[PDB]
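Architecture at a glance
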Amino acid sequence: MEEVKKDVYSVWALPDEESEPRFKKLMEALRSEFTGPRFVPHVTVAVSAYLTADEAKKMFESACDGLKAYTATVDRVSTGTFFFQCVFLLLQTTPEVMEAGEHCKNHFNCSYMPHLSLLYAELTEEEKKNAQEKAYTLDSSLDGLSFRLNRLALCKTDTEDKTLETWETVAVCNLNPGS
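In its metadata, the entry names X-ray crystallography as the structure determination method and reports 2.50 Å as the resolution.

1. Thoughts on the overall build of the chain
Within the chain one finds 4 helices and 7 strands. Put simply, the chain runs from its N terminus to its C terminus through helices and strands in the order β-α-β-α-β-β-α-β-α-β-β. For a compact globule of 179 residues, the expected C-alpha radius of gyration is about 16 Å, and the chain comes in at 17 Å, within 12% of that figure. Here the chain holds 179 residues, and 44% of them are scored as buried. With 19 positive and 29 negative side-chain charges, the chain shows a separation of 2 Å between the mean positions of the two kinds.

2. A look at the UniProt feature "active site" in the chain
Mapped onto this structure's residue numbering, the UniProt feature "active site" falls at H42 and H115. Lining the largest pocket, from the residues just named, are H42 and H115. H42 gets classed as buried once you look at its relative accessible area, which sits at 4%. Residues contacting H42, with those up to four places away along its chain left out, are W12, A13, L14, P15, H115, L116, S117 and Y120. A polar side-chain atom of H42 sits 2.9 Å from the main-chain carbonyl oxygen of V40. Looking at where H115 falls in the secondary structure, it is placed in strand β5 (residues 115–119).

3. Focus: the UniProt feature "binding site: substrate" in the chain
The UniProt feature table records "binding site: substrate" at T44, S117 and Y120. Checking the named residues against the largest pocket, the ones that line it are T44, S117 and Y120. Among residues more than four places away in sequence, those in contact with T44 are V11, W12, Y112 and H115. For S117, the location among the structural elements is in strand β5. Taking the relative accessible area as the measure of exposure, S117 reaches 5% and is therefore buried. Excluding its chain neighbours within four sequence positions, the residues that come into contact with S117 are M27, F39, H42, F84, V87 and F88.

4. Digging into the state of the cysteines
Scanning the entire structure with this criterion turns up 2 disulfides. Across a sulfur-sulfur distance of 2.0 Å, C64 and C173 are joined as a disulfide pair. Because the torsion about its S-S bond is -90°, the bridge between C64 and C173 counts as left-handed. Comparing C64 with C173, the two get one shared label, buried. The disulfide that involves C104 links it to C110, with 2.0 Å between the sulfurs.

5. Points about the environment of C64
Along the chain, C64 falls in helix α2 (residues 53–66). Residue classification places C64 among the buried residues on the basis of a relative accessible area of 11%. Once residues within four sequence positions are removed from consideration, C64 is found in contact with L152, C173 and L175.

Conventions we followed
- Residues numbered from 1 in each chain as written, not as in the entry; some residues may be left out.
- Heavy atoms only, no water.
- Helix = DSSP H or I, 4+ residues; strand = E, 2+ residues; numbered from the N terminus.
- Rg over C-alpha atoms; globule rule 2.2 N^0.38 Å.
- Buried < 20%, exposed > 50% of the residue type's maximum accessible area, 1.4 Å probe, protein only.
- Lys, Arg positive; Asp, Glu negative; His and termini not counted.
- Charge placed at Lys NZ, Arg CZ, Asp CG, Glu CD.
- UniProt positions renumbered as here; feature names shortened; annotations may be inferred.
- 1 Å grid on protein atoms, 1.4 Å probe; cavity = no way out; pocket = protein on both sides within 12 Å on 5 of 7 lines; lining within 4 Å.
- Contact = heavy atoms within 4.5 Å.
- Polar contact = N/O pair within 3.5 Å; in protein donor to acceptor, adjacent residues only side chain to side chain.
- Disulfide = S-S within 2.5 Å.

The following block contains the structure:
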């Protein structure tokens, strides 16, 4: 038996139950004033090559079995220059956060911009700044905010599909604690 279908998978770290509503509420409000597809908050940690279902499951089990729950800290809410990097919480480049996003082989020195996107949209420069301002107005204590990432999602996300209609989550797993 041979699997012949291959797709690109993305791996998402998900905020815990104490932090997820806070982000969803903000995502919902920004999305209403400005424009934008609805999605769940996450912090992406991996993008794969083309893999068969089996290969992706094995990659995902390894990811789950070996990544421990960790804590991310919000540096500031920032803006970018294309649809997927419109307004987002830029995370502090702490060790555990950075590690989750890296996939450098065991003994090498390779020498990843962790964030949790808030809004996806193609806005004018002014509208962008305004959306950034409104994020702080909707939730001012954002800068410095610490939150727990304790579950991963295995997904298929055609980054060129701005509607998100094709985005699908395939599988989920809880991360064991470590601290």
